[PDB]
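Visitor: Input data31.cif, format and content: mmCIF, C-alpha atoms.
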data_entry
#
loop_
_atom_site.label_atom_id
_atom_site.label_comp_id
_atom_site.auth_asym_id
_atom_site.auth_seq_id
_atom_site.Cartn_x
_atom_site.Cartn_y
_atom_site.Cartn_z
CA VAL G 64 -21.66 19.55 131.13
CA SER G 65 -20.05 16.26 132.18
CA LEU G 66 -17.19 14.85 130.16
CA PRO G 67 -18.07 11.59 128.42
CA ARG G 68 -16.37 8.31 129.32
CA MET G 69 -12.74 8.30 128.01
CA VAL G 70 -10.01 5.64 127.96
CA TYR G 71 -6.49 6.95 128.43
CA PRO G 72 -3.41 5.99 130.46
CA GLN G 73 -3.63 6.57 134.19
CA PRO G 74 -1.65 9.57 135.42
CA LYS G 75 1.21 8.29 137.57
CA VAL G 76 1.62 10.28 140.78
CA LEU G 77 5.07 8.89 141.62
CA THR G 78 6.42 8.59 138.05
CA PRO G 79 6.15 12.07 136.46
CA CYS G 80 6.98 12.27 132.71
CA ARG G 81 8.81 15.59 132.70
CA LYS G 82 11.52 15.65 135.40
CA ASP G 83 13.87 17.85 133.33
CA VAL G 84 11.85 21.08 133.42
CA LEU G 85 9.71 23.19 135.73
CA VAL G 86 6.07 22.45 134.87
CA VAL G 87 4.35 24.71 137.42
CA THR G 88 5.19 28.27 138.46
CA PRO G 89 5.48 29.32 142.17
CA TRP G 90 1.96 30.81 141.86
CA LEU G 91 0.64 27.43 140.67
CA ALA G 92 0.20 28.23 136.98
CA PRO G 93 1.03 25.36 134.61
CA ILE G 94 4.05 25.78 132.36
CA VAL G 95 3.02 24.09 129.14
CA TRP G 96 5.47 21.50 127.75
CA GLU G 97 4.89 18.40 125.69
CA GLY G 98 4.20 15.51 128.07
CA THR G 99 2.27 17.64 130.61
CA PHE G 100 -1.14 17.46 128.95
CA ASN G 101 -3.59 15.01 127.46
CA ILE G 102 -4.98 16.88 124.49
CA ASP G 103 -8.05 14.67 124.18
CA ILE G 104 -9.23 15.66 127.66
CA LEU G 105 -8.55 19.36 126.99
CA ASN G 106 -10.21 19.27 123.58
CA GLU G 107 -13.34 17.78 125.18
CA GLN G 108 -13.41 20.41 127.87
CA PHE G 109 -13.10 23.31 125.43
CA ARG G 110 -15.40 21.88 122.72
CA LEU G 111 -18.14 21.39 125.33
CA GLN G 112 -17.95 25.17 125.90
CA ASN G 113 -18.07 25.89 122.07
CA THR G 114 -14.86 27.88 122.51
CA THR G 115 -13.98 30.53 119.88
CA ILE G 116 -10.38 31.65 119.61
CA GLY G 117 -9.40 34.99 118.05
CA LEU G 118 -5.91 35.05 116.49
CA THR G 119 -4.75 38.62 115.93
CA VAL G 120 -1.79 39.76 113.78
CA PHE G 121 -0.47 43.05 112.45
CA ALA G 122 0.91 42.96 108.95
CA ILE G 123 2.17 46.38 107.81
CA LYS G 124 4.32 47.38 104.81
CA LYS G 125 6.55 44.42 103.75
CA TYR G 126 5.22 42.13 106.52
CA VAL G 127 2.16 41.35 104.37
CA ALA G 128 4.48 38.92 102.50
CA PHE G 129 4.44 36.64 105.58
CA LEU G 130 0.65 36.23 105.71
CA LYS G 131 0.31 33.31 103.28
CA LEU G 132 2.62 30.94 105.15
CA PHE G 133 1.39 32.18 108.54
CA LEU G 134 -2.30 31.51 107.72
CA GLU G 135 -1.70 28.27 105.77
CA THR G 136 0.30 26.78 108.63
CA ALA G 137 -2.24 28.07 111.20
CA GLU G 138 -4.86 26.09 109.26
CA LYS G 139 -2.80 22.92 109.72
CA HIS G 140 -1.82 23.41 113.34
CA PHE G 141 -3.69 26.11 115.27
CA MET G 142 -6.82 25.13 117.24
CA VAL G 143 -7.92 22.57 114.65
CA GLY G 144 -11.44 21.38 115.53
CA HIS G 145 -12.32 24.59 117.35
CA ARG G 146 -13.88 27.84 116.12
CA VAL G 147 -11.20 30.31 115.01
CA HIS G 148 -11.50 33.93 113.97
CA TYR G 149 -8.39 35.48 112.42
CA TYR G 150 -8.08 39.26 112.72
CA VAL G 151 -5.51 40.63 110.27
CA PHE G 152 -4.70 44.34 110.81
CA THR G 153 -3.00 45.75 107.74
CA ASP G 154 -2.34 48.90 105.73
CA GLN G 155 -2.81 46.87 102.53
CA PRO G 156 -6.16 44.95 102.51
CA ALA G 157 -5.63 43.96 98.85
CA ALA G 158 -2.28 42.28 99.62
CA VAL G 159 -3.93 39.87 102.12
CA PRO G 160 -3.61 36.43 100.39
CA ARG G 161 -6.62 34.29 99.61
CA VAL G 162 -6.16 31.34 101.99
CA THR G 163 -8.60 28.41 102.12
CA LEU G 164 -10.04 27.94 105.59
CA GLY G 165 -11.43 24.86 107.30
CA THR G 166 -15.01 24.78 108.49
CA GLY G 167 -15.83 26.98 111.50
CA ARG G 168 -12.91 29.31 110.77
CA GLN G 169 -13.13 32.85 109.51
CA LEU G 170 -10.87 35.72 108.59
CA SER G 171 -11.50 39.45 108.98
CA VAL G 172 -9.28 42.09 107.39
CA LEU G 173 -9.10 45.27 109.47
CA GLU G 174 -7.61 48.25 107.72
CA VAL G 175 -5.26 50.62 109.52
CA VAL G 184 3.80 51.90 116.50
CA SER G 185 3.39 49.46 119.44
CA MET G 186 1.10 52.07 121.05
CA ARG G 187 -1.12 52.13 117.92
CA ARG G 188 -1.41 48.32 118.24
CA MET G 189 -2.59 48.61 121.88
CA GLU G 190 -5.24 51.19 120.80
CA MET G 191 -6.77 48.74 118.29
CA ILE G 192 -7.25 46.06 120.97
CA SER G 193 -8.34 48.12 124.03
CA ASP G 194 -10.21 50.95 122.19
CA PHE G 195 -11.25 50.53 118.50
CA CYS G 196 -12.08 46.75 118.52
CA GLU G 197 -13.05 46.37 122.18
CA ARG G 198 -16.77 45.66 121.74
CA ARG G 199 -16.23 43.61 118.64
CA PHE G 200 -13.77 41.17 120.23
CA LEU G 201 -16.02 40.76 123.31
CA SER G 202 -18.95 39.83 121.09
CA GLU G 203 -17.06 37.52 118.68
CA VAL G 204 -14.48 35.44 120.58
CA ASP G 205 -13.80 33.96 123.99
CA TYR G 206 -9.99 34.17 123.89
CA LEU G 207 -7.55 36.40 122.11
CA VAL G 208 -4.12 35.26 121.03
CA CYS G 209 -1.63 37.96 119.92
CA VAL G 210 1.27 36.82 117.74
CA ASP G 211 3.73 38.17 115.19
CA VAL G 212 3.07 37.46 111.51
CA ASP G 213 6.68 36.65 110.47
CA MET G 214 6.31 33.15 111.91
CA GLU G 215 5.01 29.74 110.91
CA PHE G 216 3.31 26.92 112.73
CA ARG G 217 5.23 23.62 112.55
CA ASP G 218 3.30 21.58 115.13
CA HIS G 219 0.19 21.51 117.31
CA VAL G 220 -0.77 24.77 119.06
CA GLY G 221 -4.11 24.14 120.68
CA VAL G 222 -6.44 24.61 123.61
CA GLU G 223 -3.71 23.66 126.10
CA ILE G 224 -2.65 27.34 125.89
CA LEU G 225 -6.06 28.77 126.78
CA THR G 226 -6.51 30.40 130.18
CA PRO G 227 -7.39 33.83 131.50
CA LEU G 228 -3.91 35.24 130.92
CA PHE G 229 -0.77 33.69 129.38
CA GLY G 230 2.72 34.66 128.35
CA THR G 231 5.45 32.64 126.65
CA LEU G 232 9.05 32.05 127.68
CA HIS G 233 11.42 33.93 125.39
CA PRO G 234 13.61 31.31 123.69
CA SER G 235 16.90 33.14 124.35
CA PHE G 236 16.26 33.48 128.12
CA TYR G 237 14.45 30.38 129.47
CA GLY G 238 17.72 29.07 131.01
CA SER G 239 19.07 32.47 132.13
CA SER G 240 19.30 34.09 135.55
CA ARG G 241 17.10 37.12 136.11
CA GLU G 242 20.08 39.54 136.12
CA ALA G 243 20.65 38.57 132.47
CA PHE G 244 17.02 39.26 131.45
CA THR G 245 16.80 42.32 129.15
CA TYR G 246 14.09 44.05 131.17
CA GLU G 247 13.95 47.83 131.17
CA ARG G 248 16.47 48.79 133.91
CA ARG G 249 15.99 52.62 133.99
CA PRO G 250 13.74 53.69 136.91
CA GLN G 251 12.47 56.61 134.82
CA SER G 252 10.42 54.13 132.72
CA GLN G 253 7.11 52.59 133.76
CA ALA G 254 8.47 49.23 132.53
CA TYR G 255 11.35 49.36 135.06
CA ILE G 256 12.24 46.09 136.79
CA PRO G 257 15.22 45.99 139.22
CA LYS G 258 17.87 43.28 139.20
CA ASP G 259 16.38 41.43 142.20
CA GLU G 260 12.90 41.10 140.64
CA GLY G 261 11.49 38.95 137.86
CA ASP G 262 10.12 35.47 137.36
CA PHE G 263 10.71 34.95 133.65
CA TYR G 264 11.50 36.83 130.49
CA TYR G 265 8.37 36.67 128.36
CA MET G 266 8.50 37.26 124.61
CA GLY G 267 6.33 40.01 123.14
CA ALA G 268 5.57 37.87 120.08
CA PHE G 269 3.13 35.42 121.75
CA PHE G 270 0.69 36.31 124.54
CA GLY G 271 -3.06 36.08 125.11
CA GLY G 272 -5.91 35.19 127.39
CA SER G 273 -9.60 35.84 127.77
CA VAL G 274 -10.78 38.88 125.83
CA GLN G 275 -11.34 40.74 129.11
CA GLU G 276 -7.82 39.99 130.43
CA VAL G 277 -6.09 40.85 127.12
CA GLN G 278 -8.03 44.14 127.03
CA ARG G 279 -6.93 44.84 130.62
CA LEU G 280 -3.33 44.14 129.66
CA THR G 281 -3.42 46.29 126.52
CA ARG G 282 -5.16 49.15 128.39
CA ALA G 283 -2.48 49.02 131.10
CA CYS G 284 0.43 48.76 128.63
CA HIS G 285 -0.97 51.65 126.53
CA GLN G 286 -1.23 53.87 129.64
CA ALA G 287 2.35 52.97 130.64
CA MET G 288 3.61 53.70 127.13
CA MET G 289 1.86 57.12 127.13
CA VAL G 290 3.42 57.98 130.51
CA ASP G 291 6.89 57.04 129.17
CA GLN G 292 6.25 59.13 126.01
CA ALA G 293 5.27 62.16 128.16
CA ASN G 294 8.52 61.62 130.13
CA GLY G 295 10.68 61.36 126.97
CA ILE G 296 11.70 57.73 127.50
CA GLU G 297 11.14 54.65 125.29
CA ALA G 298 11.46 51.21 126.90
CA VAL G 299 14.44 49.19 125.63
CA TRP G 300 12.30 46.47 124.04
CA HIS G 301 9.14 48.49 123.51
CA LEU G 302 5.92 46.41 124.01
CA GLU G 303 7.95 43.44 125.23
CA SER G 304 9.37 45.52 128.10
CA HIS G 305 5.91 46.67 129.17
CA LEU G 306 4.47 43.16 128.81
CA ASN G 307 7.20 41.91 131.14
CA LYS G 308 6.38 44.56 133.77
CA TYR G 309 2.65 43.74 133.46
CA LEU G 310 3.20 40.01 133.83
CA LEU G 311 5.52 40.51 136.80
CA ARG G 312 2.75 42.40 138.65
CA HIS G 313 -0.22 40.37 137.29
CA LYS G 314 0.91 36.77 137.25
CA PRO G 315 -0.16 34.77 134.18
CA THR G 316 -2.47 31.80 134.79
CA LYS G 317 -0.43 29.69 132.29
CA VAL G 318 3.09 30.09 130.92
CA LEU G 319 3.95 28.62 127.55
CA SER G 320 7.31 26.89 127.12
CA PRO G 321 9.70 27.86 124.26
CA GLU G 322 8.13 25.09 122.18
CA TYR G 323 5.65 27.85 121.43
CA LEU G 324 8.19 30.48 120.23
CA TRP G 325 11.37 29.10 118.70
CA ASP G 326 14.07 29.97 116.16
CA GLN G 327 15.78 26.83 114.98
CA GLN G 328 18.37 28.60 112.79
CA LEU G 329 19.41 30.71 115.77
CA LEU G 330 18.97 28.13 118.57
CA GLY G 331 18.95 24.63 117.10
CA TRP G 332 16.82 21.83 118.55
CA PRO G 333 17.82 21.15 122.18
CA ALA G 334 16.75 17.95 123.94
CA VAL G 335 14.48 19.90 126.31
CA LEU G 336 12.23 20.67 123.31
CA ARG G 337 10.23 17.63 122.23
CA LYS G 338 8.31 19.70 119.68
CA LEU G 339 8.94 22.95 117.80
CA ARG G 340 5.41 24.32 117.40
CA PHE G 341 5.64 27.99 116.30
CA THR G 342 8.85 29.34 114.81
CA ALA G 343 10.63 32.23 113.10
CA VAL G 344 10.68 32.07 109.30
CA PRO G 345 14.11 31.03 107.72
#
Using structure tokens, write down the structure that the file contains.
Guide:
Amino acid sequence: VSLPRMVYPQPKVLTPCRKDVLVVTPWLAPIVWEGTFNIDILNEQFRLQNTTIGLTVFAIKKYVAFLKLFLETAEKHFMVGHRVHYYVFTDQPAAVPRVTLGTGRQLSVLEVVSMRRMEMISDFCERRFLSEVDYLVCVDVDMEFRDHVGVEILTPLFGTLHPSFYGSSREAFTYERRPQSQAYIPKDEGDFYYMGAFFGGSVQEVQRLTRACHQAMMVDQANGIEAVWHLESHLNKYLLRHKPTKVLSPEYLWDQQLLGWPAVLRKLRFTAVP
């Protein structure tokens, strides 16, 4: 459908807002920073498609303690105005807190180890996710939303710049460096260091990613090697070879106690818990 008439400031071709950071990758994917997007336009575009976003977390053993703050803050900040389906995978269904949800938002508790996590997405819940949501977003539970995380992130496949490495040279990236591992990346390769804690995309692309990562992890297991940073290492190999269609800035994965609040971050949207 057509967008309706909208009144907003004209984009200025010769006076770009963000001159301090790279806002597009060399394969022409946007890198999402505050000041690159008009959220009203994006909200219109995605609401006209009746977009449903699946937010998936694993909360095992003591990590169930983090669910209340995670879900409460997601209610304030994550995809507000859009349809949201939370999928909470846990070994303790009874410890999932009772959190009040806004309209058009639902929560499913799925009762159940990075390889086990990939199995849930690509195998056990494959049909379900295809039937229920348009996009899947995969995050860690020991986190809280502090600001807007919305449809600006949505795209066929995204990763997020790891907050410790966004300013680093590729030699410093903690990729798997042993050629015996399927996640191996040599010193002269690499675009970015993506964090394992925040990635997503269309259901089909996230399933493709998890299927590929699971295969790679099984091959490594058969060869008696475990990648240095586990899923994160495999995600980085996958995203090197299959370029993401958006990259999220570190606004989307931050640790203020560890890293402060640098000028390059206008907002701190999703953060580690103090």
Visitor: Using the chain letters and numbering of this document, enumerate as a ChimeraX atom specification the residues selected by the PyMOL selection byres ((chain G and resi 277) around 9).
Guide: /G:192-193,206-209,227-228,270-276,278-282
Visitor: For this structure, which residues satisfy the selection - the PyMOL selection byres ((chain G and resi 199) around 12) - when it is evaluated on the file as given? I want them as JSON, numbers by chain.
Guide: {"G": [117, 148, 150, 171, 173, 191, 192, 193, 194, 195, 196, 197, 198, 200, 201, 202, 203, 204, 205, 207, 274, 275, 278]}
Visitor: Can you write just those residues out, C-alpha atoms, as a PDB file, in the frame of the given file?
Guide:
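Resulting contents of again-v8.pdb:
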ATOM      1  CA  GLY G 117      -9.400  34.990 118.050  1.00  0.00           C
ATOM      2  CA  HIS G 148     -11.500  33.930 113.970  1.00  0.00           C
ATOM      3  CA  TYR G 150      -8.080  39.260 112.720  1.00  0.00           C
ATOM      4  CA  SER G 171     -11.500  39.450 108.980  1.00  0.00           C
ATOM      5  CA  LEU G 173      -9.100  45.270 109.470  1.00  0.00           C
ATOM      6  CA  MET G 191      -6.770  48.740 118.290  1.00  0.00           C
ATOM      7  CA  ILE G 192      -7.250  46.060 120.970  1.00  0.00           C
ATOM      8  CA  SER G 193      -8.340  48.120 124.030  1.00  0.00           C
ATOM      9  CA  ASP G 194     -10.210  50.950 122.190  1.00  0.00           C
ATOM     10  CA  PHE G 195     -11.250  50.530 118.500  1.00  0.00           C
ATOM     11  CA  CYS G 196     -12.080  46.750 118.520  1.00  0.00           C
ATOM     12  CA  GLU G 197     -13.050  46.370 122.180  1.00  0.00           C
ATOM     13  CA  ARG G 198     -16.770  45.660 121.740  1.00  0.00           C
ATOM     14  CA  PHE G 200     -13.770  41.170 120.230  1.00  0.00           C
ATOM     15  CA  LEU G 201     -16.020  40.760 123.310  1.00  0.00           C
ATOM     16  CA  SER G 202     -18.950  39.830 121.090  1.00  0.00           C
ATOM     17  CA  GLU G 203     -17.060  37.520 118.680  1.00  0.00           C
ATOM     18  CA  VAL G 204     -14.480  35.440 120.580  1.00  0.00           C
ATOM     19  CA  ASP G 205     -13.800  33.960 123.990  1.00  0.00           C
ATOM     20  CA  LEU G 207      -7.550  36.400 122.110  1.00  0.00           C
ATOM     21  CA  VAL G 274     -10.780  38.880 125.830  1.00  0.00           C
ATOM     22  CA  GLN G 275     -11.340  40.740 129.110  1.00  0.00           C
ATOM     23  CA  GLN G 278      -8.030  44.140 127.030  1.00  0.00           C
TER      24      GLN G 278
END
Visitor: Leaving out residue 337 of chain G and any residue of its chain fewer than 2 positions from it, which residues lie within 12 Å of it when counting all atoms listed in the file, given as an MDAnalysis selection string?
Guide: chainID G and resid 81 83:84 95:99 218:219 320:323 332:335 339:340
Visitor: Using the chain letters and residue numbers of this document, give as JSON, numbers by chain the residues selected by the PyMOL selection byres ((chain G and resi 131) around 10).
Guide: {"G": [127, 128, 129, 130, 132, 133, 134, 135, 136, 137, 159, 160, 161, 162, 212, 215]}
Visitor: For each of G:141, G:109, G:263, G:126, take the minimum atom-to-atom distance to residue 158 of chain G, counting only C-alpha atoms, then give the residue where this is smallest.
Guide: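 Of the candidates, the smallest distance to residue 158 of chain G is held by G:126.
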Visitor: Leaving out residue 302 of chain G and any residue of its chain fewer than 5 positions from it, which residues lie within 12 Å of it when counting all atoms listed in the file, given as a PyMOL selection string?
Guide: chain G and resi 184-189+246-247+253-254+265-270+280-281+283-289+291+297+307-309
Visitor: Can you pull out the residues contacting residue 170 of chain G? Cut-off 9 Å, using all atoms listed in the file, and skip same-chain residues under 2 positions away; I want them as number ranges by chain.
Guide: G: 147-151, 164, 168, 172
Visitor: Expressed in Å to a single decimal, how great is the separation between atom CA of residue 342 of chain G and atom CA of residue 115 of chain G?
Guide: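 Atom CA of residue 115 of chain G lies 23.4 Å from atom CA of residue 342 of chain G.
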